[PDB]
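Here's the structure we're looking at; comments come further down.
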Amino acid sequence: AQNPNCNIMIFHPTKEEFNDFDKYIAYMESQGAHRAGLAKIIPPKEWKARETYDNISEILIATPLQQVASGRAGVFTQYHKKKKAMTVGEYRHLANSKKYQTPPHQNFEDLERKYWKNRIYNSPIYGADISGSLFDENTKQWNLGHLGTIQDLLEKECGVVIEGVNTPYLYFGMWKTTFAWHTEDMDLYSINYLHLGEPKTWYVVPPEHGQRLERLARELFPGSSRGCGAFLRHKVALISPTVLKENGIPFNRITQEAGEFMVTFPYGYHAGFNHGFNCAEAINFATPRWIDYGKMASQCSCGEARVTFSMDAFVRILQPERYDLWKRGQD
Ligand SMILES: O=C(O)CNC(=O)C(=O)O
Ligand SMILES: [Mg+2]
Ligand code: NI
Ligand SMILES: [Zn+2]
């Protein structure tokens, strides 16, 4: 078995190897990369996502989210308070303000210490989930707005034609902006490209050990657990590396820098934080190996997790028994 300790693997494809996206994913899996839940891909030196970032300041963040925490430093939830619209230029200036900027630090490890010590005492503002793309249309390799669609994968594997579309999302981050512990909708893959700015630190649990994280989360968030049988789908709960180590949960960590891709694999729980002003682009995707994960994925039916138009069809075809109750949650 390849990668039996489930370590995060880092790949350096040549420009020749960067042509065929599906084939490279399948290569990484042949080496065991999926066992970690997360992999890093460093693009060939010749590749670029676009020529410059010089003209992005007029993108609008229609609903910036203030991430307010409750709990203790290592075990907390966050809620998202909606703020007034602002441009990317306005948000960058805010991120660089004395109130919101990255503090002085020695290295990534000192910054990680300061994040876990201090996160809960501040409420950073995240421009998340903005439909759009920063890839130039002429970038032919690993262009996240030109991938094969999940609907077309389901049709190729299973023969069934379904409605829905699959488009990318932009994330504008600042110091302390946080992504809670989650897997993807329908336990899909995700791919994330850090276009510019400061790094993003990731934590991940191997897919084969995901249920260990779920059991800890039910113990640590006991009212949330009674409210919903899949409450990590609400994307609100944080648990620190120190707390995971104290409870024997297997995990790994890695820092993504500008110009690098990350891939999350089906049922790979992940969480993390931004080091400073940055912009990432991400999208879900599928392969043949995903289909069985999609059939087994948990679902939120309490009504909190409220998800896309395109997830309807996935539930309806892969989980027809759940269909009914899950759509009661979504209406
Ligand atoms: O970058 C973020 O805030 C969150 N991204 C992801 O969870 C991902 O790409 O799967
Ligand atoms: Mg602009
Ligand atoms: Ni994710
Ligand atoms: Zn729920």
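Numbered per UniProt numbering, the sequence shown finishes at 341, counting up by one with no gaps.
From the three backbone atoms N, C-alpha and C, an ideal C-beta is built for every residue, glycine too.
Check                                                                                                                                   : Outcome
Just how far apart, CA to CA, sit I20 and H103?                                                                                         : 33 Å
Within 10 angstroms of the Cβ of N132, are there 16 or more other Cβ atoms? Answer buried if so, exposed if not.                        : exposed
Quick one, are the C-beta atoms of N153 and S320 less than 8 Å apart?                                                                   : no
With DSSP as the reference, label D139 as helix, strand or coil.                                                                        : strand
Runs of 4 residues minimum, wholly inside the region 244-271: which ones carry the alpha helix (DSSP H) assignment?                     : 251-256
Is any non-hydrogen atom of ligand 1 found closer than 7 Å to the C-beta of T318, if you look at the structure I gave you?              : no
By alpha-carbon positions, which one of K94, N15 and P134 ends up nearest to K109?                                                      : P134
Examine the Cβ distances between the region 143-160 and the region 53-63 and report whether three or more of them are shorter than 8 Å. : yes
Kindly indicate the opening and closing residues of the beta strand (DSSP E) around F31.                                                : Premise fails: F31 lies in the alpha helix (DSSP H), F31 to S40, not in any beta strand (DSSP E).
Starting from the Cα of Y213, find the closest Cα among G278, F271, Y303 and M196 and give me that residue.                             : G278
State yes or no: is the beta carbon of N117 nearer than 8 Å to at least one beta carbon in chain C?                                     : The structure shown has no chain C; it contains just one protein chain.
Tell me which same chain residues have a C-beta within less than 6 Å of the C-beta of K93, skipping the five on either side of it?      : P74 and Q76
Please list the terminal residues of the continuous alpha helix (DSSP H) segment that includes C16.                                     : Premise fails: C16 is in no alpha helix (DSSP H) and is neither H nor E.
For a minimum of 3 consecutive residues, which ranges assigned as the beta strand (DSSP E) are wholly contained in the region 180-234?  : 188-192, 199-207 and 210-215
State the Cα-Cα distance for the pair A227 and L242, rounded to the nearest angstrom.                                                   : 8 Å
Terminal residues of the continuous alpha helix (DSSP H) containing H156?                                                               : Note, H156: premise wrong, no alpha helix (DSSP H); not H, not E.
Given a cut-off of 8 Å, decide if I18 and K50 are closer than it, judged by their beta-carbon atoms.                                    : yes
Run the CB neighbour count on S200, radius 10 Å, all protein chains shown included, and call it buried at 16 or more, exposed below.    : buried
Should residue 10 be counted as a contact of ligand 4 given a C-beta to heavy atom distance under 7 Å?                                  : Lying outside 11 to 341, the shown extent of the chain, residue 10 is not represented and no answer is given.
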